[PDB]
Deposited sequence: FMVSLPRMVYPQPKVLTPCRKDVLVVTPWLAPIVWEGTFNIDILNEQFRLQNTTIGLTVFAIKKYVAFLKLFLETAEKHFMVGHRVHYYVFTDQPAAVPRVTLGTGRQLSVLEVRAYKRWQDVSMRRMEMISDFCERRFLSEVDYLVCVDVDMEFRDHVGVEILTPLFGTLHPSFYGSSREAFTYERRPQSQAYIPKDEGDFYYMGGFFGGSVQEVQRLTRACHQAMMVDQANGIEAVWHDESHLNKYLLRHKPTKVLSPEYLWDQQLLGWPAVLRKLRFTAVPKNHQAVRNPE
């Protein structure tokens, strides 16, 4: 039951003036592509607060990556779903290395101890298995957001992202034609996508959705990875290749612009990006 909004005073949307004329703001399957200027966060905040929405955020910090948690969490506190209920799930082989970061009201952190794998490829790839865990998220949160830890928030990341299923435009490929995408190209892999298929190249470092849709996606990608293993093939970009195959065949209901996953050292600050919200740490 969606509760009625209260009276609100805000600028009228005008149908004969687009917000943004410089970028695609809706996919061909009618999913919004989230850019600054496309959303009124006051409206969205109302809608999601009236539902008492809880967002879970998953992050893996294995081996030396535990060093990135302090900045990741400190800046999450400043920028990520502020005002909403948040549950951080920190998966680590080193529980005692998790920094004690002061949280705002309505926000909590759980440390989930996991095995470290030796190869950084397996650490990255096994996130899907670990995320898929399963009864816990279903009882505790409405949405799950799944990110890389070697990152910092610099600007607003809020309920505008929430939807049944989302992926994020990889910042190196948003302007590329599809044959340039680094999809897995060997037919022997479950992640295979031919040169004439593909909508976008999604980044493995930022995806999410409802708990149900996230469990579906992580289960399907883990199954597909196990099939590849049994067959002696490792996809070119590991979990990210499978994520891309999944999202090709199960279209996301929102797509995040590269505002939401950017690398300023590698790519600068183009005029098309009005905000750099979540960025790579050198």
Ranges missing from the model, given as deposited sequence positions = 133-134, 285-294
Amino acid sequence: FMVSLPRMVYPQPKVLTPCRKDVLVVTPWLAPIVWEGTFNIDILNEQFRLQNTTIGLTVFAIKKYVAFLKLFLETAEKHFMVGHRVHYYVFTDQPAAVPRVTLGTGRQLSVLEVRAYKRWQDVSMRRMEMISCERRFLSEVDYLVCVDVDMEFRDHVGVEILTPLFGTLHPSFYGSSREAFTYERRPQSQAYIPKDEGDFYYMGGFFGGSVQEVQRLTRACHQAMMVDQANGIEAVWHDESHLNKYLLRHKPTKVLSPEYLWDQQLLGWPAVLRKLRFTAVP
From here on, numbers count along this sequence of modelled residues.
Mean C-alpha B-factor comparison - 190-198 and 165-173, higher one | 190-198
Of the two stretches 119-127 and 77-85, which shows the higher Cα B-factor on average in the entry?
-> 119-127
According to the deposited entry, which of 255, 233, 69, 50 has the largest Cα B-factor?
-> 233
Maximum C-alpha temperature factor, selected from 227, 55, 31, 43 = 227
Taking the values exactly as deposited, rank residue 160 by C-alpha B-factor within its chain and report the matching third: lowest, middle or highest.
-> lowest
Name the third of the chain's ranked CA B-factors that contains residue 146, choosing lowest, middle or highest.
-> lowest
Residue 105: C-alpha B-factor third of its chain, per the entry, is the lowest
Relative to the other modelled residues in the chain, which third contains the C-alpha temperature factor of residue 36: lowest, middle or highest?
-> lowest
Should residue 181 be placed in the lowest, middle or highest third of its chain by the C-alpha B factor in the entry?
-> highest
